[PDB]
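A.B. asks: Structure provided below as structure tokens; questions to follow.
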RNA sequence: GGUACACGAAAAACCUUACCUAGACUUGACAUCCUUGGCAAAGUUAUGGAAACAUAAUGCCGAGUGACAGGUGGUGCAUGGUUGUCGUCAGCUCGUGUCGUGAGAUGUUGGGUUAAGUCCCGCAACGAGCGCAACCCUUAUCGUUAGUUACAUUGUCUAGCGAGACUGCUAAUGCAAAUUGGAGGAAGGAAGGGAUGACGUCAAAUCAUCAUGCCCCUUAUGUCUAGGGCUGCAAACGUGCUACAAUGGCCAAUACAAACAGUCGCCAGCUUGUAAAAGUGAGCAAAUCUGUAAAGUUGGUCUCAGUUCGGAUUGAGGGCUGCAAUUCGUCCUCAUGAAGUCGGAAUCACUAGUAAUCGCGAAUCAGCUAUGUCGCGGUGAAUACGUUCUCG
């Protein structure tokens, strides 16, 4: 899903979301690729997204549907408000 | 200072050896790579016979190679023992189906090039002999058997950790300013146990009559 | 009759046929009015200053064909053609036109911008 | 690990998401042409050798 | 609309400084009212003013647009998001370096002591 | 060590036959082009025309001529200080600074159109009221403490 | 007829080779072929490629290499059987590139 | 510090990546001692999975194994190659030779005199080499080449080439260099630009372009895939840039190009369109056809300010390709209308097409907020008092 097209997903990170969906969903799945847009199923879901070494969990909900899994996860690190 | 005169005088002084013309720029690099490998096979094969130039003239499936051998006995020998091997080995890199055409061409003053002169200078530097006499003989030979001014230099080290007795040898017509000098220049990155040693040679291949054209 | 002038200026090239006649002078470029073809400036009055520097514009119907450039480069090219046609007709007038470099090609074109340089010789500020 | 760089250069990524090019000899894939697949240093060095027929010095 | 209405000045463009009504929507209001761009006149039509509060008042209140944008920003910044993080840091969101830029959020580039190579 | 060198100045305009207005066009052009400055300058000659009934030639000459210096305070330094010795200022630089000062003052008093302000400054320099005459005034009045510097050469 | 219109472009970086090829086309067809257009030098498509010089950082002397593409346009509207019988003695030089058009 | 900084980097959605790790690789993807032949590891369809790596077959050729392959693994006073600073500085050396016991001067020095060590005059020097200059290429006239996909106001468009200017001429004429006089002229007197910057200098930069010596690592310094940074931010410096407006802002018509790119691409045309785009569709393998020439011009407008300046950031919706667009691309629309109302130390490019404008096509690019680069063209500055201070 982009600003240029409708809701479209690569369907390999949603793949396991759905595979667990037919089996009484539990949210966390080891996915840090940034190729899946969201759907009304990603509500409550969290994914361990790689920053540079660790895979931080990121909460997903049904607020807006105009982004991908990469936008819904902090891809970088900030200054930590440091004056050094 | 003194921007490298290698590319500064191709086209106006030096000649271009390997001509290739393909179609739209998809496999032009492939033509370049194949030509350079096939032509450098000779250059890496012989270092005592010192084969100088092999022009692979390619244009739209019209490939013409021409070897300029200094010693026919080293490139042919009895029963053509050498060339058939080339006729085999290049056949593996140029293609089995394509024809392999080449002939040993005669040329005067075969040391108007720089690569082989640099190789000989390195051999004299590391020939296990009084070195100064060796380079005096080598320079006398290059100046004697037919040639214009020479410009030979060696940089790096003295087989130690410092080059203190480097000798800059300039003879005859070495104008870097003149755009008709017909000077061919080459560099050699010699491998030894003291790091890479740079042996560089400028050589004037004959004063052409005020020509800016690739002759 | 058939006077044949050629001119070049600022990547503009032009020929002109000039013939003696008692019209307004056929003021036109590519056989069309310079209303919006050229900017309305002093350059539109300088358009016939070769005719002002020579026999009046009431002669030599300007049949000018042009290629490339702009308007001032165009104007310089076509006026160089005009002065060369005048040369083809009466070259005593060639003297004053050459005195300001009209018959001779003025050979003033934008200097080529160079590598790294911002323009012909523009360079960025750098002290330390 | 320059050979990793080179063997990833000879291989092509499975998508057009992933894509680059680099010289057969040089590393530092930055500033590489698509007309020869040769990096800027290797290209300049072979051009000072007159590899490409017609590489001249500009004098306008 | 009624906001940023100039006196003895073209009504056509002064609306662009309003929050929520730019050039295109300003022109939409103007041509829907057919105000016929003026010669430095506050308003060409006097009767259509009532037509304003008949049709132009029916236009969406930009005060509500402000709070809609505010709540959308709240949702975007509160959830885990790189653009949400950029919102949280009060800096360019779509991705711009703050090494020298960002002379709208960090003030007029307050020059501080340099902590750099030694 | 640059020595005496010529200058390239465009020849006088056919419609007025004054080289000074041409150097004005040379030095006023916005974005470095005459494709747009000449229109407004000819407008300005028109604006001078219906305002105070001043023909451009005489008003422009009486405006430019009254802002022109005669003293060159040639620099001579000590490597820790500096002083000025009064020689005769070159005539080419005389007219150059005259025209430059006229042009650069001509374009001020930011208002509705630049035609009114440029005609206003032309008129002001015409009437010798202080807007550019101050340049000529200072170029001689501040050369009074520097007039003492004419008693010795260093 | 072999070609209803022979719009053969021959081009290379070497003008002397282009001159040679276009002349050989000229006099070999001169007498056995008509409606030809002789040697026509077209405007060049020359360009320059600009690269850095130092191994590591430098942008003060950007080295440059020039590639010049000439263009000779030969327009032989008609090609005849006798034309080819007399023209079987033309070949493609190592620099000059001919168009089959 | 400059000789480090719109860098190496002519474009980062993960690779590029040299950094990190997760899944994973164990003489490794590659490379081969060895060993044998007989026909194939591909790619595909499921799958744990983020994909590998584990899955099975499917489609002259393979196939395993130690040392090694390879190492962006380091070591720029260990290095070459390459590159910049003084320097496109006017000077730099040597053979022979004189003399100072000599370090060496020297020829080169120097007068006029030059772009140059340019000439001569004289010089313990005669000469040569290096550089520069000059040769050479480019803008510049006439003729010549062929004529279309130029044209067709037909040789307008072009470079292939020739005649072709060089104090040539004349006088002012200096023992010599060499200025100008006026005309012929394309060039008239280094015609203008580019051009090799000599030994050296930075014990220059370059181990990470590349080649690398020594050592090392190897069942890891080997490789596959997934993600992130190369656009963070207390931030500064740099860098152009953005304007600080009424020649300007907006609206409308608006001419003149060069230039390169382009074959499932330029993509015309055509329609929906503010527009991205959506669909639609030739010619062009590119003098065919396509990717506007604009500023300027022509009229209205705003009538002095954070403004009809500037559009900053921002949110929402559409959009391009990329398997999927978010970062680690971008386009458009709508909405946002900040600062700056000309800014100190510092200052950089400059003798004309110069400084500045305006746009265009492309290089890398399936993407490019590279405001950057190659270019290209259009418009188009004064100035040079003298080096005062400094640099060299």
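Protein chains in written order, with the working numbering: chain A, 11 to 94; chain B, 13 to 227; chain C, 624 to 751; chain D, 381 to 440; chain E, 255 to 372; chain F, 6 to 159; chain G, 18 to 118.
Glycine included, every Cβ here is placed at the ideal spot set by N, Cα and C.
Quick one: give me the first and last residue of the alpha helix (DSSP H) that residue 628 (chain C) is part of.
C.D. replies: What you label residue 628 (chain C) is simply residue 5 of the third chain in a count that begins at 1. Counting along the chain, residue 628 (chain C) falls outside any alpha helix (DSSP H), though it belongs to the beta strand (DSSP E) covering 626 to 632.
A.B. asks: Taking residue 124 (chain G) as the reference, which of G:24, G:83, G:105 has the closest Cα?
C.D. replies: Nothing can be reported for residue 124 (chain G), as the shown portion of chain G is limited to 18 through 118.
A.B. asks: Mind listing the chain F neighbours of residue 678 (chain C)? Cutoff is C-beta to C-beta under 9 Å, in chain order.
C.D. replies: As a working note, residue 678 (chain C) is residue 55 in the third chain. Here the premise fails: no neighbours, minimum Cβ distance about 17 Å.
A.B. asks: What separation, rounded to the nearest whole angstrom, lies between the Cα atoms of residue 43 (chain B) and residue 32 (chain B)?
C.D. replies: What you label residue 43 (chain B) is simply residue 31 of the second chain in a count that begins at 1. What you label residue 32 (chain B) is simply residue 20 of the second chain in a count that begins at 1. Roughly 7 Å between the two C-alpha positions.
A.B. asks: If you compare alpha carbons, which of E:338, E:274, E:354 is closest to residue 348 (chain E)?
C.D. replies: Here residue 348 (chain E) refers to the residue found at position 94 when the fifth chain is read from its first residue. It is E:338 whose Cα lies nearest to the Cα of residue 348 (chain E).
A.B. asks: Taking a contact to mean a Cβ-Cβ separation below 9 Å, would you say residue 369 (chain E) touches residue 94 (chain A) in this structure?
C.D. replies: As a first step, residue 369 (chain E) must be located in the fifth chain, where it is residue number 115. As a first step, residue 94 (chain A) must be located in the first chain, where it is residue number 84. A contact, by the Cβ cut-off of 9 Å.
A.B. asks: By how many angstroms is the C-alpha of residue 744 (chain C) removed from the C-alpha of residue 735 (chain C)?
C.D. replies: Start at 1 with the first residue of the third chain, and residue 735 (chain C) comes out as number 112. Start at 1 with the first residue of the third chain, and residue 744 (chain C) comes out as number 121. So the two alpha carbons sit approximately 9 Å from each other.
A.B. asks: Fully enclosed by the stretch 282 to 324 of chain E, which alpha helix (DSSP H) runs are 4 residues long or longer?
C.D. replies: 302 to 309
A.B. asks: Residue 74 (chain G) versus chain D: which residues are under 9 Å apart at the beta carbon?
C.D. replies: Here residue 74 (chain G) refers to the residue found at position 57 when the seventh chain is read from its first residue. Per Cβ cutoff of 9 Å: no residues; residue 74 (chain G) is ~12 Å from chain D at best.
A.B. asks: State yes or no: is the C-beta of residue 93 (chain G) within less than 9 Å of the C-beta of residue 45 (chain G)?
C.D. replies: Taking the first residue of the seventh chain as position 1, residue 93 (chain G) is located at position 76. Taking the first residue of the seventh chain as position 1, residue 45 (chain G) is located at position 28. Not closer than 9 Å, so no.
A.B. asks: Counting contacts by CB-CB distance shorter than 9 Å, is residue 384 (chain D) in contact with chain B?
C.D. replies: For the purposes of this step, residue 384 (chain D) is identified with residue 4 of the fourth chain, where counting begins at 1. It does not: the Cβ of residue 384 (chain D) has no partner Cβ on chain B nearer than 9 Å.
A.B. asks: Of all the residues that make up the stretch 731 to 744 of chain C, which are near chain G by a beta-carbon distance shorter than 7 Å?
C.D. replies: 738, 739
A.B. asks: Please report whether the beta-carbon of residue 80 (chain G) lies at a distance below 9 Å from any beta-carbon of chain C.
C.D. replies: Position 63 of the seventh chain, counted from the start, is the residue given in the question as residue 80 (chain G). Chain C contact via Cβ: present.
A.B. asks: Along the chain, which unbroken stretches of the alpha helix (DSSP H) at least 4 residues long are found entirely within the stretch 53 to 104 of chain F?
C.D. replies: For the stretch 53 to 104 of chain F, whole alpha helix (DSSP H) runs of length 4 or above, ordered along the chain, are 61 to 70.
A.B. asks: Are the beta-carbon atoms of residue 423 (chain D) and residue 40 (chain B) separated by less than 9 Å?
C.D. replies: Locating residue 423 (chain D) in the fourth chain gives position 43, where the first residue counts as 1. Locating residue 40 (chain B) in the second chain gives position 28, where the first residue counts as 1. No, the pair does not count as a contact, with Cβ atoms beyond the cut-off.
A.B. asks: Taking the alpha-carbon positions, what's the residue 97 (chain F) to residue 27 (chain F) distance?
C.D. replies: Taking the sixth chain and counting its residues from 1, one reaches residue 97 (chain F) at position 92. Taking the sixth chain and counting its residues from 1, one reaches residue 27 (chain F) at position 22. Their backbone Cα atoms lie some 15 Å apart in a straight line.
A.B. asks: On a Cα-Cα basis, can you pick out the residue from C:666, C:644, C:651, C:661 that is closest to residue 678 (chain C)?
C.D. replies: For the purposes of this step, residue 678 (chain C) is taken as residue 55 along the third chain, with counting starting at 1. Residue C:644 is the option with its Cα nearest to residue 678 (chain C).
A.B. asks: For the beta strand (DSSP E) that contains residue 67 (chain G), what are its first and last residues?
C.D. replies: For the purposes of this step, residue 67 (chain G) is taken as the residue at position 50 of the seventh chain. It spans 64 to 68 - the beta strand (DSSP E) in which residue 67 (chain G) sits, taken as one unbroken run.
A.B. asks: Can you round the beta-carbon distance between residue 296 (chain E) and residue 265 (chain E) to whole angstroms, since I take them to be within the 8 Å contact cut?
C.D. replies: To locate residue 296 (chain E), count along the fifth chain from 1; it is residue 42. To locate residue 265 (chain E), count along the fifth chain from 1; it is residue 11. The pair is a contact, with the Cβ atoms about 6 Å apart (cut-off 8 Å).
A.B. asks: Compare the beta carbon distance of residue 33 (chain F) and residue 112 (chain F) with 9 Å and say whether it is the shorter of the two.
C.D. replies: On the sixth chain, residue 33 (chain F) is found 28 positions in, with the first residue counted as 1. On the sixth chain, residue 112 (chain F) is found 107 positions in, with the first residue counted as 1. Cβ atoms of residue 33 (chain F) and residue 112 (chain F): closer than 9 Å.
A.B. asks: Helix, strand or coil: how does DSSP classify residue 635 (chain C) here?
C.D. replies: By 1-based counting over the third chain, the position of residue 635 (chain C) is 12. Residue 635 (chain C): strand per DSSP, three-state reduction.
A.B. asks: Buried or exposed: residue 148 (chain F), going by 16 or more other Cβ atoms within 10 Å of its Cβ?
C.D. replies: Here residue 148 (chain F) corresponds to residue number 143 of the sixth chain, with the count starting at 1. It is buried - the Cβ of residue 148 (chain F) has at least 16 other Cβ atoms within 10 Å.
A.B. asks: List, in order along the chain, the chain B residues whose C-beta lies closer than 8 Å to that of residue 111 (chain G)?
C.D. replies: One-based indexing of the seventh chain puts residue 111 (chain G) at position 94. Under the 8 Å cutoff, chain B gives 31, 33, 69, 70, 71, 74, 76.
A.B. asks: Taking DSSP as the reference, what is the three-state secondary structure of residue 28 (chain A)?
C.D. replies: Along the first chain, one-based indexing puts residue 28 (chain A) at 18. Residue 28 (chain A) falls in the helix class under three-state DSSP.
A.B. asks: Taking residue 69 (chain G) and residue 82 (chain G) to be in contact with their CB atoms under 8 Å, please state how far apart those CB atoms are, rounded to whole angstroms.
C.D. replies: By 1-based counting over the seventh chain, the position of residue 69 (chain G) is 52. By 1-based counting over the seventh chain, the position of residue 82 (chain G) is 65. Not really, about 12 Å apart at Cβ, beyond 8 Å.
A.B. asks: So is residue 325 (chain E) buried or exposed if we call it buried at 16+ other beta carbons inside 10 Å?
C.D. replies: Looking up residue 325 (chain E) in the fifth chain gives position 71. Residue 325 (chain E) should be labelled exposed.
A.B. asks: Taking any Cβ of chain B, which residues in the stretch 27 to 40 of chain G have a Cβ under 8 Å from it, in chain order?
C.D. replies: 29, 31, 33
A.B. asks: For residue 423 (chain D), go through chain G and note every residue whose CB falls closer than 7 Å to its CB, in chain order.
C.D. replies: To locate residue 423 (chain D), count along the fourth chain from 1; it is residue 43. Per Cβ cutoff of 7 Å: 68.
A.B. asks: Work out the CA separation of residue 399 (chain D) and residue 391 (chain D) for me, nearest whole Å.
C.D. replies: Here residue 391 (chain D) refers to the residue found at position 11 of the fourth chain. Here residue 399 (chain D) refers to the residue found at position 19 of the fourth chain. Those two C-alpha atoms are separated by around 10 Å.
A.B. asks: Might you give, ordered along the chain, the residues of its own chain that have their beta carbon closer than 8 Å to the beta carbon of residue 93 (chain F), omitting 5 neighbours on each side?
C.D. replies: As a working mapping, residue 93 (chain F) is identified with position 88 in the sixth chain. Excluding sequence neighbours, residue 93 (chain F) sits near 75, 76, 77.
A.B. asks: Please report whether the beta-carbon of residue 65 (chain G) lies at a distance below 9 Å from any beta-carbon of chain D.
C.D. replies: Position 48 of the seventh chain, counting from 1, holds the residue named residue 65 (chain G). Any Cβ of chain D closer than 9 Å to the Cβ of residue 65 (chain G) would place that residue at the interface, and such an atom is present.
A.B. asks: Give me the DSSP bridge partner(s) of residue 39 (chain B).
C.D. replies: For the purposes of this step, residue 39 (chain B) is taken as residue 27 along the second chain, with counting starting at 1. Answer is none; residue 39 (chain B) lacks a bridge partner.
A.B. asks: Strictly under 9 Å for the Cβ-Cβ distance: is residue 624 (chain C) near chain F by that measure?
C.D. replies: Position 1 of the third chain, counted from the first residue, corresponds to residue 624 (chain C). It does not: the Cβ of residue 624 (chain C) has no partner Cβ on chain F nearer than 9 Å.
A.B. asks: Excluding sequence positions up to five away, which residues of its chain have a Cβ less than 6 Å from the Cβ of residue 48 (chain G)?
C.D. replies: Translated into the one-based positions of the seventh chain, residue 48 (chain G) becomes position 31. Excluding sequence neighbours, residue 48 (chain G) sits near nothing in its chain.
A.B. asks: Since residue 131 (chain F) sits in a beta bridge, which residues does DSSP pair it with?
C.D. replies: For the purposes of this step, residue 131 (chain F) is taken as residue 126 along the sixth chain, with counting starting at 1. According to DSSP, residue 131 (chain F) bridges with nothing at all.
A.B. asks: Could you tell me whether the stretch 329 to 343 of chain E touches the stretch 69 to 78 of chain A, where touching means 3 or more Cβ pairs closer than 8 Å?
C.D. replies: yes
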